[PDB]
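K.L.:
Provided herewith is a single structure, encoded as structure tokens, for subsequent inquiry.
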Amino acid sequence: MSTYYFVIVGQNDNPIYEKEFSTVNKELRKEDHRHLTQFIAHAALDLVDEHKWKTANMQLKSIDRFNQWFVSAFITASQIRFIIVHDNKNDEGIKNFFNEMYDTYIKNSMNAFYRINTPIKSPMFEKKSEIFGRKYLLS
Amino acid sequence: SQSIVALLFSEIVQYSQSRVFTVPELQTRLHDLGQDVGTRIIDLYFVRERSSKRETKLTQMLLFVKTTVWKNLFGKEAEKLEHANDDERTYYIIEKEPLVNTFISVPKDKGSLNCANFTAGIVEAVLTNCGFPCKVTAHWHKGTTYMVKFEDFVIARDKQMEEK
Amino acid sequence: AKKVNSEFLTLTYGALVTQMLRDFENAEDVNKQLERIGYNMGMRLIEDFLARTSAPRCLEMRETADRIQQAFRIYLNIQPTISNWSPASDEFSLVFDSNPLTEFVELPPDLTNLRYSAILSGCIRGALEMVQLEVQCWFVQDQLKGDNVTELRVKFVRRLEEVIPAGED
Amino acid sequence: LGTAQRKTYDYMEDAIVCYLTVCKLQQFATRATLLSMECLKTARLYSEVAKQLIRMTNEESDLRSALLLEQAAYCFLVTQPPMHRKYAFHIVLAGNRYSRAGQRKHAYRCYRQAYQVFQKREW
């Protein structure tokens with residue numbers, strides 16, 4: 001199968017949120033995935049910042065490929081760093097998946113109570129993300 | 001209405017003028033409100049009205065974000081743009097229309113600065129969220145005018161990518 | 001023409017609400033504060049709605065009711081719908097499907113005791129008091145609380161403006 | 001001499017990492033990568049040394065693998081910001097690698113390095 005990992009990064013490099021869909025097993029190793037990739041999102045970011053200074057493309061499909069960890073970047077106008085990291089490729093899912101992530105993010109970013117670079121606990125957003133994952137990633 | 005927004009904004013200014021003691025911190029509070037506006041409008045208009053595609057380069061983003069923000073705020077782009085050689089950090093964005101005068105303005109004795117700073121606050125929000133930390137001053141020179149002090153790392157960064 | 005975008009007014013209202021939540025810790029205070037600012041709104045909203053149209057003063061309640069619904073459809077560009085009269089016809093209910101102020105904002109669950117769009121109730125109050133007319137208005141249902149659409153009450157307890165424009169003052 | 005030919009630099013990797021795919025002469029491959037790192041460090045491609053030190057880390061051993069990870073860490077960070085906290089993240093793994101066999105001095109100092117940029121980037 002494919003592994004599933006989403007991350008949300010504030011402008012101030014704050015990891016706002018992270019979402020998972022992989023078949024549940026060895027939860028300690030899934031947390032290892034989390035920090036592995038959250039700290040991979042570190043050089044990925046130190047890289048993708050100049051990459052975004054190069055191209056203002058819709059979405060930076062590939063930033064690094066660790067030969068088992070894959071870096072896909074959809075950076076926002078507010079520079080919100082977004083990365084999907086997976087052991088397997090699925091480009092068509094990920095492109096418009098980051099699209100729909102961005103969309104529901106706009107929806108839940110409008111609310112005045114949110115302030116820049118802040119974790120968002122809205123389980124409505126959780127189920128919106130889950131529906132997207134079942135649409136564009138999971139089967 | 002026009003006048004409902006003018007009224008709600010008069011209550012803005014008055015709430016500040018209440019729980020704020022002196023003018024410059026009142027302008028600071030206006031600037032905070034402006035940051036609040038920008039913080040979400042910029043992400044909105046990345047897609048719908050900005051060709052859905054990101055733009056990074058300085059002057060293009062300056063002018064185009066100027067225009068798109070003004071179209072979806074008042075539908076009136078800023079009348080001119082000056083970027084000053086004598087200080088490459090010093091750019092001026094100037095709009096003859098003050099957002100303030102929806103209600104025509106304040107006493108002309110106590111507060112030299114006005115909503116002009118609150119609009120400057122929205123400006124600062126969008127710039128710094130695009131990737132352009134900057135400080136903005138509102139001056140009553142040639143009507144409502146502004147001046148932007150970009151970020152040093154940013155100023156070096158684009159000064160370097162002046163070429164490809 | 002209104003010459004302005006609905007989202008910009010919504011953002012200014014959100015700026016107010018968030019700033020109140022910050023400056024003052026309690027929902028009750030921030031709500032009473034905003035109700036005061038809306039009271040002071042009404043003192044100019046009602047004179048404006050009169051400058052647009054010199055409506056008749058009052059022969060009956062529902063005349064004031066459709067006057068104010070006209071005004072609501074004026075500045076908010078949204079047609080309200082009066083309903084739910086008293087047996088005594090004195091008090092009615094007012095319906096807004098979606099307030100530019102109320103909408104584009106949902107509420108964090110901590111603020112349930114907050115009544116969000118109460119600025120409008122304040123608006124009605126001050127608007128009726130500068131017109132020397134004594135009424136009580138509170139949102140019996142609000143779009144945010146799970147109500148279908150924002151519902152108000154309009155309790156016109158008594159009168160302060162007489163038939164001759166001399167009045168009591 | 002000062003010519004620092006990028007041509008010979010790339011050929012050198014063609015006779016090091018690319019020769020590791022051809023024959024199993026990892027001894028001569030690691031010899032080449034060692035001096036290629038120093039000559040590419042004097043040049044400007046410090047990320048090049050780092051990338052082939054990561055391509056030597058997977059093989060190496062335990063103390064050796066951790067040593068190449070520590071070399072890759074500073075090399076990628078020296079050229080430009082790229083790897084400013086992932087270098088720290090991977091010397092935390094290289095830290096326990098040194099502890100298992102990695103030099104105790106190297107372990108503590110690379111751990112201290114990691115903690116320094118961790119505080120710099122707390123988030």
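In the structure tokens, each chain is lettered A, B, ... as it comes, each chain's residues begin at 1, and ligands are numbered from 1 in order of appearance.
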Could you please tell me, as a ChimeraX atom specification, which residues of chain A have an atom within 12 Å of chain C when using only C-alpha atoms?
P.N.:
/A:106-115,120-124
K.L.:
Give me, as a list in words, the contact residues of chain B against chain C at a cut-off of 7 Å, counting only C-alpha atoms.
P.N.:
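Close enough to count are residues 1, 2, 4, 5, 7, 11, 33, 36, 37, 72, 73 and 74 of chain B.
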K.L.:
Store the residues picked out above, limited to N, CA and C atoms, as a short mmCIF file (atom, residue, chain, number, x, y, z; two decimals), in the first residue's frame.
P.N.:
```cif
data_model
loop_
_atom_site.label_atom_id
_atom_site.label_comp_id
_atom_site.auth_asym_id
_atom_site.auth_seq_id
_atom_site.Cartn_x
_atom_site.Cartn_y
_atom_site.Cartn_z
N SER B 1 -24.49 48.94 3.15
CA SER B 1 -24.27 50.34 2.84
C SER B 1 -22.81 50.78 2.82
N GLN B 2 -22.60 51.99 2.32
CA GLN B 2 -21.37 52.71 2.62
C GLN B 2 -21.38 53.16 4.07
N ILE B 4 -23.11 52.26 6.70
CA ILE B 4 -23.05 51.29 7.79
C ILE B 4 -21.61 50.96 8.11
N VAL B 5 -20.78 50.78 7.08
CA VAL B 5 -19.37 50.51 7.31
C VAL B 5 -18.71 51.71 7.97
N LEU B 7 -20.13 53.73 9.99
CA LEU B 7 -20.56 53.74 11.39
C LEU B 7 -19.83 52.67 12.20
N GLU B 11 -17.31 53.22 15.42
CA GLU B 11 -17.30 52.49 16.68
C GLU B 11 -15.97 51.76 16.91
N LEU B 33 -5.58 45.57 14.14
CA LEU B 33 -6.78 45.20 13.40
C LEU B 33 -6.45 44.93 11.94
N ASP B 36 -4.99 41.66 11.45
CA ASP B 36 -6.04 40.66 11.53
C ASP B 36 -6.75 40.49 10.19
N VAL B 37 -7.02 41.60 9.52
CA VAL B 37 -7.68 41.54 8.21
C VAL B 37 -6.79 40.80 7.21
N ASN B 72 -11.10 43.61 -4.28
CA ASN B 72 -12.01 42.89 -3.41
C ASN B 72 -12.26 43.59 -2.07
N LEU B 73 -11.62 44.74 -1.82
CA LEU B 73 -11.95 45.55 -0.65
C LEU B 73 -12.90 46.68 -0.98
N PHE B 74 -12.49 47.56 -1.89
CA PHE B 74 -13.32 48.66 -2.34
C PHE B 74 -13.55 48.66 -3.83
#
```
K.L.:
Can you tell me which residues surround residue 101 in chain D at a distance of at most 10 Å, considering only C-alpha atoms, apart from same-chain residues fewer than 6 positions away, and format the answer as a tab-separated table (two decimals) with N, CA, C and O atoms, in the first residue's frame?
P.N.:
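Generated file (out_7.tsv):
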```tsv
chain	number	residue	atom	x	y	z
D	61	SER	N	29.54	1.22	8.35
D	61	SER	CA	29.35	0.18	9.40
D	61	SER	C	28.47	0.76	10.51
D	61	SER	O	27.25	0.90	10.28
D	62	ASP	N	29.07	1.08	11.66
D	62	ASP	CA	28.31	1.70	12.78
D	62	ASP	C	29.06	2.98	13.17
D	62	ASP	O	28.52	4.07	12.92
D	63	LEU	N	30.27	2.85	13.73
D	63	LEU	CA	31.09	4.04	14.04
D	63	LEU	C	31.35	4.79	12.73
D	63	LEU	O	31.17	6.03	12.71
D	64	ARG	N	31.71	4.06	11.67
D	64	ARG	CA	32.03	4.69	10.36
D	64	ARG	C	30.79	5.39	9.80
D	64	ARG	O	30.91	6.55	9.39
D	65	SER	N	29.64	4.70	9.79
D	65	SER	CA	28.38	5.28	9.26
D	65	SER	C	28.06	6.58	10.00
D	65	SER	O	27.70	7.57	9.33
D	66	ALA	N	28.18	6.58	11.33
D	66	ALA	CA	27.90	7.79	12.15
D	66	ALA	C	28.89	8.90	11.80
D	66	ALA	O	28.47	10.07	11.75
D	95	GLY	N	24.27	10.06	16.82
D	95	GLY	CA	24.69	10.11	18.23
D	95	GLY	C	24.58	8.75	18.90
D	95	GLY	O	25.57	8.32	19.52
D	107	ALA	N	29.92	11.32	19.98
D	107	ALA	CA	28.48	11.19	20.33
D	107	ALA	C	28.01	12.44	21.06
D	107	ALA	O	27.07	13.09	20.58
```
K.L.:
Check every residue of chain A for an atom within 7 Å of chain B, counting only C-alpha atoms, and provide those that qualify as a PyMOL selection string.
P.N.:
chain A and resi 53+56-58+77-79+106+109-110+116
K.L.:
What would the file look like if the residues just selected were written as a CSV table (one decimal), in the first residue's frame with N, CA and C atoms?
P.N.:
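So the final result, stored in result.csv, reads:
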```
chain,number,residue,atom,x,y,z
A,53,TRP,N,11.4,30.4,-3.8
A,53,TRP,CA,11.9,31.6,-4.3
A,53,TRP,C,12.3,31.5,-5.8
A,56,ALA,N,7.2,30.1,-8.4
A,56,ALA,CA,5.9,30.4,-7.8
A,56,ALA,C,4.8,29.5,-8.3
A,57,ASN,N,5.2,28.3,-8.6
A,57,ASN,CA,4.2,27.3,-9.2
A,57,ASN,C,3.1,27.0,-8.2
A,58,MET,N,2.0,26.4,-8.8
A,58,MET,CA,0.8,26.1,-8.0
A,58,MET,C,1.3,25.3,-6.8
A,77,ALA,N,0.0,31.2,-0.1
A,77,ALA,CA,0.3,32.6,-0.2
A,77,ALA,C,0.8,33.1,1.1
A,78,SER,N,0.2,32.7,2.2
A,78,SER,CA,0.7,33.0,3.5
A,78,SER,C,1.9,32.2,3.9
A,79,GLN,N,2.6,31.5,2.9
A,79,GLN,CA,3.8,30.7,3.1
A,79,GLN,C,3.5,29.6,4.0
A,106,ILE,N,-8.7,27.3,3.7
A,106,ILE,CA,-9.2,28.6,3.5
A,106,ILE,C,-10.4,28.8,4.3
A,109,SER,N,-9.7,28.9,7.8
A,109,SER,CA,-8.8,30.0,8.2
A,109,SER,C,-9.5,31.3,8.2
A,110,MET,N,-10.6,31.5,7.6
A,110,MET,CA,-11.3,32.7,7.6
A,110,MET,C,-11.8,33.1,9.0
A,116,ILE,N,-2.7,33.8,13.0
A,116,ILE,CA,-1.6,33.2,12.2
A,116,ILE,C,-0.8,32.2,13.0
```
K.L.:
Might you pull out every residue within 10 Å of residue 15 in chain A, with only C-alpha atoms counted and same-chain residues fewer than 2 positions away left off, and present them as an NGL selection string?
P.N.:
(:A and (7-13 or 17-18 or 38 or 41 or 80-82 or 117-119)) or (:D and (123))
K.L.:
Please save N, CA, C and O atoms of the selected residues as a compact mmCIF listing (two decimals), in the first residue's frame.
P.N.:
```
# COMPACT_ATOMS: atom_id res chain seq x y z
N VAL A 7 1.22 17.28 6.93
CA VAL A 7 1.76 18.18 7.93
C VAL A 7 1.36 19.61 7.60
O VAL A 7 1.25 19.99 6.44
N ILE A 8 1.14 20.39 8.64
CA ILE A 8 0.80 21.80 8.51
C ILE A 8 1.82 22.61 9.28
O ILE A 8 2.06 22.34 10.47
N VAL A 9 2.43 23.59 8.62
CA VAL A 9 3.53 24.36 9.19
C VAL A 9 3.19 25.83 9.13
O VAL A 9 2.93 26.37 8.05
N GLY A 10 3.24 26.50 10.27
CA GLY A 10 3.02 27.92 10.31
C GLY A 10 4.17 28.68 9.69
O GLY A 10 5.25 28.15 9.43
N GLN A 11 3.93 29.97 9.44
CA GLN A 11 4.99 30.84 8.94
C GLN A 11 6.20 30.79 9.84
O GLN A 11 7.34 30.64 9.38
N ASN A 12 5.98 30.87 11.15
CA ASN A 12 7.06 30.82 12.12
C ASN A 12 7.55 29.41 12.34
O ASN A 12 8.05 29.10 13.43
N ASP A 13 7.37 28.55 11.34
CA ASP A 13 7.84 27.18 11.30
C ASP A 13 7.13 26.31 12.32
O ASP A 13 7.60 25.21 12.64
N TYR A 17 -0.38 21.12 12.50
CA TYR A 17 -1.18 19.92 12.56
C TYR A 17 -0.57 18.88 11.63
O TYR A 17 0.22 19.22 10.74
N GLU A 18 -0.88 17.62 11.90
CA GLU A 18 -0.43 16.49 11.09
C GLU A 18 -1.51 15.42 11.08
O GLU A 18 -2.12 15.14 12.11
N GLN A 38 8.73 14.99 10.37
CA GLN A 38 8.50 16.37 10.89
C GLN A 38 9.87 17.04 10.93
O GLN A 38 9.94 18.25 10.68
N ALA A 41 10.85 17.53 7.37
CA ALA A 41 10.17 18.74 6.93
C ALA A 41 11.00 19.97 7.24
O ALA A 41 10.97 20.93 6.49
N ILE A 80 2.32 29.06 4.12
CA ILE A 80 2.08 27.94 5.02
C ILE A 80 2.66 26.69 4.38
O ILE A 80 2.17 26.22 3.35
N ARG A 81 3.73 26.16 4.97
CA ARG A 81 4.39 24.98 4.43
C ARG A 81 3.50 23.76 4.60
O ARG A 81 3.06 23.46 5.71
N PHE A 82 3.23 23.08 3.50
CA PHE A 82 2.48 21.84 3.51
C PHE A 82 3.28 20.75 2.82
O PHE A 82 3.85 20.98 1.75
N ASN A 117 -0.51 31.09 12.41
CA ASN A 117 0.36 30.09 13.01
C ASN A 117 -0.22 29.61 14.35
O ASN A 117 0.31 29.89 15.43
N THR A 118 -1.34 28.90 14.25
CA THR A 118 -2.02 28.40 15.43
C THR A 118 -2.65 27.04 15.14
O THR A 118 -3.30 26.87 14.10
N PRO A 119 -2.48 26.06 16.02
CA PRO A 119 -3.11 24.76 15.79
C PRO A 119 -4.62 24.89 15.80
O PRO A 119 -5.18 25.70 16.54
N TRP D 123 10.32 25.00 17.49
CA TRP D 123 9.14 24.43 16.79
C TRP D 123 9.54 23.17 16.02
O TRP D 123 9.57 23.25 14.78
```
K.L.:
Quote the spacing between CA of residue 30 in chain B and CA of residue 6 in chain B in Å to one decimal place.
P.N.:
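Distance reported for this atom pair: 15.0 Å.
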